[PDB]
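One structure is given here, and the rest of the page talks about it.
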Amino acid sequence: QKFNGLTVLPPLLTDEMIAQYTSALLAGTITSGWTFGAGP
Amino acid sequence: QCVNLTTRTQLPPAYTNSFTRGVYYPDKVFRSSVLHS
Amino acid sequence: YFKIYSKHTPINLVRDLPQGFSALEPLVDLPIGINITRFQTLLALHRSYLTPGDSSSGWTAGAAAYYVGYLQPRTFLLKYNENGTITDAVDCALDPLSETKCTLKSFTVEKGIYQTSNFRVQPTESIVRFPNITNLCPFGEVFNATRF
Amino acid sequence: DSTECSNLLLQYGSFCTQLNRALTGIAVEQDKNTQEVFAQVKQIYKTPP
Amino acid sequence: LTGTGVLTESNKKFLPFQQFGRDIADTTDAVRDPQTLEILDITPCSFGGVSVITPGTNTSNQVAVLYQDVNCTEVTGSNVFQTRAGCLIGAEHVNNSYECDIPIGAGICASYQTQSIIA
Amino acid sequence: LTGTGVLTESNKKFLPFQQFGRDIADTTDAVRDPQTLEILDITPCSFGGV
Amino acid sequence: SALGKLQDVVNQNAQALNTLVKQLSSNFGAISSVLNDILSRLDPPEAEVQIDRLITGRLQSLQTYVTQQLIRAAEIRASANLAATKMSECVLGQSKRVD
Amino acid sequence: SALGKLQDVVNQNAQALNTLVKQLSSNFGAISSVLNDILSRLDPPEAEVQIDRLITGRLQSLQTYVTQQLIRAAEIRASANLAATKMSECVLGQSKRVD
């Protein structure tokens with residue numbers, strides 16, 4: 001909300017991108033287990 | 001004395017490009033390897 | 001004070017000013033103290049031929065060229081050498097990139113994104129709104145009365 | 001938007017530049033925070049249909 | 001009452017005695033003009049911040065520029081690219097997608113590859 | 001240049017018009033003699049804590 | 001509201017900004033809190049001392065906000081470091097650490 | 001640039017300590033930023049009013065630096081605690097903690 005000198009910058013990652021990160025993490029921990037965070 | 005020569009030549013001014021030019025020491029100050037503003 | 005800086009360089013370039021950077025260093029500082037607004041160079045002219053009454057006949061002007069730039073109040077980030085000699089400079093209000101160089105105070109910048117300044121929209125007109133008088137006070141009943 | 005104020009403000013040195021540099025540093029740090037939490041996966045895995 | 005900003009009609013009402021408004025912080029956000037007795041809106045014309053993208057002067061002297069938070073119908077012309085973080089001037093938006101090289105904001109990244117600056 | 005410190009002679013270059021040296025953060029570091037046109041240093045005479 | 005931890009950060013930041021903007025309506029000891037009015041009915045000699053009174057107060061009010069935002073960012077960063085540790089050690093693995 | 005995390009601490013400390021020095025050349029509303037000058041051209045009745053403005057300005061510019069160093073030292077201390085934990089749990093042992 002811009003009044004006088006006050007500015008809000010956008011986050012670099014949009015909420016869709018963060019949701020995609022969490023979906024990738026959660027689809028990796030289901031199909032592969034703990035193995036995807038330690039190698040292939 | 002005072003002879004006058006500018007009879008009629010009234011050519012429009014011609015311009016050229018002064019690339020990185022006319023930079024002088026704007027100080028009495030010696031400065032070692034520094035980038036001063 | 002009337003300040004003069006000079007730098008004398010042997011050039012090879014065809015017609016115009018060269019491209020290499022070179023720093024002018026002052027000659028004199030005369031305490032004149034007068035106002036100056038206009039100037040004019042002085043030339044050396046040969047008298048090639050003489051027609052009896054002209055006084056303006058054979059004034060050849062040799063072969064030379066001279067330039068007149070003008071100084072403006074600007075911020076220049078300079079580069080001093082080890083010996084104290086200026087070697088490079090950049091503008092600030094030239095473009096956004098010279099503004100970057102000025103803001104970061106270095107002659108090589110590295111990849112990224114840098115905030116340099118701000119910007120505001122400028123007002124266009126001044127509109128003065130004072131009581132123009134609608135139901136005016138009865139000054140036409142006093143100053144125009146047919147019977148004082 | 002008051003030049004009479006701004007010229008008097010320049011007498012205080014680089015307080016304003018310092019405040020802007022402080023705020024930008026914690027603005028970038030917020031993107032770093034989000035990057036370190038969620039972007040912990042190389043690829044984008046999918047579940048089977 | 002001197003002041004600076006934009007002017008437009010107000011949809012709010014006054015009561016017939018009222019002279020101006022102030023929603024917050026001592027600043028008037030409306031005026032009733034002296035002669036017409038017509039209410040107006042006062043709102044500040046925009047502003048922002050200027051950023052400059054460089055691929056490193058080791059590689060090129062080429063730049064894009066963000067003007068923060070302006071729907072830049074009010075600012076060049078080298079394929080202006082309006083985005084959520086401002087509008088780029090100097091980079092061509094592409095339909096492709098790569099890893100982030102220089103973060104612009106709101107999912108937009110800039111990079112230098114063949115051939116000026118891509119977003 | 002109303003300053004304090006210790007003066008030793010300067011072995012550097014000035015221009016024929018220069019007066020005094022200066023270091024970054026605008027601290028004078030070398031000076032010229034107005035009667036002998038000769039250049040000296042300056043560094044602060046010592047301080048510290050006990 | 002079980003999301004109170006997330007709501008508190010937003011509330012604190014909004015409150016800090018609201019206080020920052022409501023500090024613009026304080027005179028800090030000058031004849032007014034609006035700058036155009038000081039510049040409109042005082043000559044340069046007698047308005048500088050009054051505009052400076054606004055200058056120091058508003059600068060001090062801005063420093064307070066910036067310092068407290070740095071302190072709050074130092075805490076949000078600790079929370080985000082703990083969140084990254086939990087994502088590494090509990091989503092990407094099975095944790096033996098109790099509780 | 002592989003040691004950027006170590007270089008940023010040094011650069012931040014140098015930048016803060018440089019801004020501390022460059023605040024010694026600010027008027028803060030005084031006629032001159034150099035202290036003997038206002039001594040050398042105004043009588044003690046009229047000098048104290050400017051020396052006091054310099055005192056407040058420089059003391060505030062020192063308070064800001066000290067507070068910022070206090071904030072930055074906590075960050076470095078958190079990093080040092082993390083480094084001590086890492087040396088313990090990974091040099092002196094073998095950790096099951098993922099990542």
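Chain lettering (A, B, ...) mirrors the order of the structure tokens, residue numbering begins at 1 for each chain separately, and ligand numbering begins at 1 in order of display.
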Computed after least-squares fitting of chain H to chain G on all C-alpha atoms in order, what is the RMSD in Å?
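Root-mean-square deviation of the C-alpha atoms: 0.3 Å.
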Can I get the residues of chain A within 10 Å of chain D, each with the closest pair of atoms and their distance in Å to one decimal, using only C-alpha atoms, sorted chain first then ascending number, as JSON lines?
```
{"residue": "A:8", "atom": "CA", "partner": "D:27", "partner_atom": "CA", "distance": 9.7}
{"residue": "A:9", "atom": "CA", "partner": "D:27", "partner_atom": "CA", "distance": 8.1}
{"residue": "A:10", "atom": "CA", "partner": "D:31", "partner_atom": "CA", "distance": 9.7}
{"residue": "A:11", "atom": "CA", "partner": "D:31", "partner_atom": "CA", "distance": 6.5}
{"residue": "A:12", "atom": "CA", "partner": "D:31", "partner_atom": "CA", "distance": 6.3}
{"residue": "A:13", "atom": "CA", "partner": "D:31", "partner_atom": "CA", "distance": 7.7}
{"residue": "A:17", "atom": "CA", "partner": "D:38", "partner_atom": "CA", "distance": 9.6}
{"residue": "A:18", "atom": "CA", "partner": "D:38", "partner_atom": "CA", "distance": 6.8}
{"residue": "A:19", "atom": "CA", "partner": "D:38", "partner_atom": "CA", "distance": 9.1}
{"residue": "A:20", "atom": "CA", "partner": "D:44", "partner_atom": "CA", "distance": 7.8}
{"residue": "A:21", "atom": "CA", "partner": "D:38", "partner_atom": "CA", "distance": 5.8}
{"residue": "A:22", "atom": "CA", "partner": "D:38", "partner_atom": "CA", "distance": 6.6}
{"residue": "A:23", "atom": "CA", "partner": "D:45", "partner_atom": "CA", "distance": 7.9}
{"residue": "A:24", "atom": "CA", "partner": "D:45", "partner_atom": "CA", "distance": 4.8}
{"residue": "A:25", "atom": "CA", "partner": "D:41", "partner_atom": "CA", "distance": 6.6}
{"residue": "A:26", "atom": "CA", "partner": "D:45", "partner_atom": "CA", "distance": 8.5}
{"residue": "A:27", "atom": "CA", "partner": "D:47", "partner_atom": "CA", "distance": 5.3}
{"residue": "A:28", "atom": "CA", "partner": "D:45", "partner_atom": "CA", "distance": 5.7}
{"residue": "A:29", "atom": "CA", "partner": "D:45", "partner_atom": "CA", "distance": 9.4}
{"residue": "A:30", "atom": "CA", "partner": "D:47", "partner_atom": "CA", "distance": 8.0}
{"residue": "A:31", "atom": "CA", "partner": "D:47", "partner_atom": "CA", "distance": 7.0}
{"residue": "A:32", "atom": "CA", "partner": "D:45", "partner_atom": "CA", "distance": 9.7}
{"residue": "A:36", "atom": "CA", "partner": "D:41", "partner_atom": "CA", "distance": 8.1}
{"residue": "A:37", "atom": "CA", "partner": "D:41", "partner_atom": "CA", "distance": 7.0}
{"residue": "A:39", "atom": "CA", "partner": "D:42", "partner_atom": "CA", "distance": 9.6}
{"residue": "A:40", "atom": "CA", "partner": "D:42", "partner_atom": "CA", "distance": 9.8}
```
Selected residues written out, N, CA, C and O atoms, as an mmCIF file, in the first residue's frame:
```cif
data_model
loop_
_atom_site.group_PDB
_atom_site.id
_atom_site.type_symbol
_atom_site.label_atom_id
_atom_site.label_comp_id
_atom_site.auth_asym_id
_atom_site.auth_seq_id
_atom_site.Cartn_x
_atom_site.Cartn_y
_atom_site.Cartn_z
ATOM 1 N N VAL A 8 6.248 -1.501 -1.301
ATOM 2 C CA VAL A 8 6.274 -2.933 -1.034
ATOM 3 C C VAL A 8 6.817 -3.627 -2.273
ATOM 4 O O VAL A 8 6.251 -3.490 -3.363
ATOM 5 N N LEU A 9 7.909 -4.360 -2.109
ATOM 6 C CA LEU A 9 8.451 -5.135 -3.210
ATOM 7 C C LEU A 9 7.811 -6.520 -3.241
ATOM 8 O O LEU A 9 7.412 -7.051 -2.202
ATOM 9 N N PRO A 10 7.697 -7.126 -4.418
ATOM 10 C CA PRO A 10 7.110 -8.460 -4.507
ATOM 11 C C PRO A 10 8.128 -9.522 -4.141
ATOM 12 O O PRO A 10 9.327 -9.365 -4.412
ATOM 13 N N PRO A 11 7.696 -10.611 -3.512
ATOM 14 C CA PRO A 11 8.601 -11.746 -3.315
ATOM 15 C C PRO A 11 9.044 -12.313 -4.652
ATOM 16 O O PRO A 11 8.287 -12.336 -5.624
ATOM 17 N N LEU A 12 10.296 -12.768 -4.695
ATOM 18 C CA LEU A 12 10.828 -13.320 -5.936
ATOM 19 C C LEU A 12 10.067 -14.570 -6.356
ATOM 20 O O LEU A 12 9.793 -14.763 -7.545
ATOM 21 N N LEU A 13 9.716 -15.422 -5.400
ATOM 22 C CA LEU A 13 8.932 -16.617 -5.670
ATOM 23 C C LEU A 13 7.457 -16.311 -5.448
ATOM 24 O O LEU A 13 7.055 -15.946 -4.338
ATOM 25 N N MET A 17 4.783 -20.748 -7.397
ATOM 26 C CA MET A 17 6.100 -21.374 -7.398
ATOM 27 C C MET A 17 6.390 -22.073 -6.076
ATOM 28 O O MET A 17 6.966 -23.166 -6.064
ATOM 29 N N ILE A 18 6.002 -21.463 -4.958
ATOM 30 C CA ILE A 18 6.189 -22.105 -3.663
ATOM 31 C C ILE A 18 5.318 -23.349 -3.553
ATOM 32 O O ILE A 18 5.749 -24.380 -3.021
ATOM 33 N N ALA A 19 4.082 -23.277 -4.054
ATOM 34 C CA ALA A 19 3.230 -24.457 -4.086
ATOM 35 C C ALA A 19 3.835 -25.558 -4.941
ATOM 36 O O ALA A 19 3.731 -26.737 -4.592
ATOM 37 N N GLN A 20 4.481 -25.198 -6.050
ATOM 38 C CA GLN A 20 5.153 -26.194 -6.876
ATOM 39 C C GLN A 20 6.358 -26.806 -6.167
ATOM 40 O O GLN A 20 6.589 -28.012 -6.291
ATOM 41 N N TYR A 21 7.129 -26.000 -5.432
ATOM 42 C CA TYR A 21 8.193 -26.548 -4.589
ATOM 43 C C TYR A 21 7.654 -27.558 -3.584
ATOM 44 O O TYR A 21 8.198 -28.661 -3.447
ATOM 45 N N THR A 22 6.605 -27.190 -2.847
ATOM 46 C CA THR A 22 6.071 -28.122 -1.860
ATOM 47 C C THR A 22 5.459 -29.359 -2.498
ATOM 48 O O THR A 22 5.608 -30.452 -1.942
ATOM 49 N N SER A 23 4.801 -29.228 -3.648
ATOM 50 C CA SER A 23 4.304 -30.386 -4.373
ATOM 51 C C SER A 23 5.420 -31.295 -4.857
ATOM 52 O O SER A 23 5.274 -32.516 -4.784
ATOM 53 N N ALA A 24 6.530 -30.735 -5.339
ATOM 54 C CA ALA A 24 7.681 -31.543 -5.714
ATOM 55 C C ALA A 24 8.303 -32.257 -4.526
ATOM 56 O O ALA A 24 8.693 -33.422 -4.654
ATOM 57 N N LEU A 25 8.415 -31.583 -3.380
ATOM 58 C CA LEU A 25 8.920 -32.237 -2.179
ATOM 59 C C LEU A 25 8.008 -33.369 -1.729
ATOM 60 O O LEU A 25 8.486 -34.462 -1.399
ATOM 61 N N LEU A 26 6.697 -33.130 -1.733
ATOM 62 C CA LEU A 26 5.727 -34.094 -1.241
ATOM 63 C C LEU A 26 5.509 -35.254 -2.200
ATOM 64 O O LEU A 26 5.188 -36.357 -1.749
ATOM 65 N N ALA A 27 5.676 -35.039 -3.504
ATOM 66 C CA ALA A 27 5.643 -36.123 -4.473
ATOM 67 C C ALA A 27 6.943 -36.907 -4.509
ATOM 68 O O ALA A 27 6.960 -38.027 -5.030
ATOM 69 N N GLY A 28 8.025 -36.346 -3.980
ATOM 70 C CA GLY A 28 9.281 -37.056 -3.899
ATOM 71 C C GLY A 28 9.360 -37.898 -2.647
ATOM 72 O O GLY A 28 9.925 -38.995 -2.667
ATOM 73 N N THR A 29 8.790 -37.404 -1.547
ATOM 74 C CA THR A 29 8.801 -38.184 -0.317
ATOM 75 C C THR A 29 7.779 -39.312 -0.318
ATOM 76 O O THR A 29 7.818 -40.157 0.582
ATOM 77 N N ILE A 30 6.876 -39.353 -1.293
ATOM 78 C CA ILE A 30 5.915 -40.447 -1.393
ATOM 79 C C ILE A 30 6.414 -41.541 -2.326
ATOM 80 O O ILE A 30 6.350 -42.726 -1.993
ATOM 81 N N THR A 31 6.922 -41.163 -3.499
ATOM 82 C CA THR A 31 7.312 -42.158 -4.489
ATOM 83 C C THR A 31 8.705 -42.714 -4.220
ATOM 84 O O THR A 31 8.986 -43.867 -4.561
ATOM 85 N N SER A 32 9.585 -41.924 -3.604
ATOM 86 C CA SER A 32 10.968 -42.329 -3.412
ATOM 87 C C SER A 32 11.388 -42.474 -1.957
ATOM 88 O O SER A 32 12.272 -43.288 -1.671
ATOM 89 N N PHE A 36 15.544 -39.214 -2.263
ATOM 90 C CA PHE A 36 15.660 -38.128 -3.226
ATOM 91 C C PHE A 36 16.369 -36.907 -2.662
ATOM 92 O O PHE A 36 16.795 -36.046 -3.439
ATOM 93 N N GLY A 37 16.514 -36.812 -1.343
ATOM 94 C CA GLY A 37 17.226 -35.703 -0.741
ATOM 95 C C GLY A 37 18.657 -36.057 -0.401
ATOM 96 O O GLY A 37 19.342 -35.310 0.303
ATOM 97 N N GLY A 39 20.599 -37.970 -3.071
ATOM 98 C CA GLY A 39 21.162 -38.486 -4.301
ATOM 99 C C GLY A 39 20.115 -38.617 -5.384
ATOM 100 O O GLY A 39 19.254 -37.746 -5.529
ATOM 101 N N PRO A 40 20.177 -39.696 -6.154
ATOM 102 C CA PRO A 40 19.162 -39.979 -7.155
ATOM 103 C C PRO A 40 17.905 -40.518 -6.487
ATOM 104 O O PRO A 40 17.971 -41.331 -5.562
#
```
Mind dumping a table of every chain F residue within 8 Å of chain B, with the nearest atom pair and its distance in Å to one decimal, using only C-alpha atoms, sorted by chain and rising number, as a tab-separated table?
```
residue	atom	partner	partner_atom	distance
F:13	CA	B:30	CA	7.4
F:14	CA	B:30	CA	6.3
F:15	CA	B:28	CA	7.6
F:17	CA	B:28	CA	6.6
F:18	CA	B:28	CA	3.8
F:19	CA	B:28	CA	5.3
F:20	CA	B:29	CA	5.6
F:21	CA	B:30	CA	4.7
F:22	CA	B:29	CA	6.0
F:23	CA	B:31	CA	6.6
F:24	CA	B:34	CA	7.4
```
Rounded to one decimal place, report the atom CA of residue 119 of chain E-atom CA of residue 16 of chain A distance in Å.
18.6 Å
A straight line from atom CA of residue 10 of chain E to atom CA of residue 2 of chain A spans 20.0 Å
If we count only C-alpha atoms, which residues of chain A reach to within 12 Å of chain C? Please list them as a PyMOL selection string.
chain A and resi 4-5+7
For chain F, which residue among H:12, H:19, H:85, H:32 is the nearest when counting only C-alpha atoms?
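For chain F, the nearest of the given residues is H:19.
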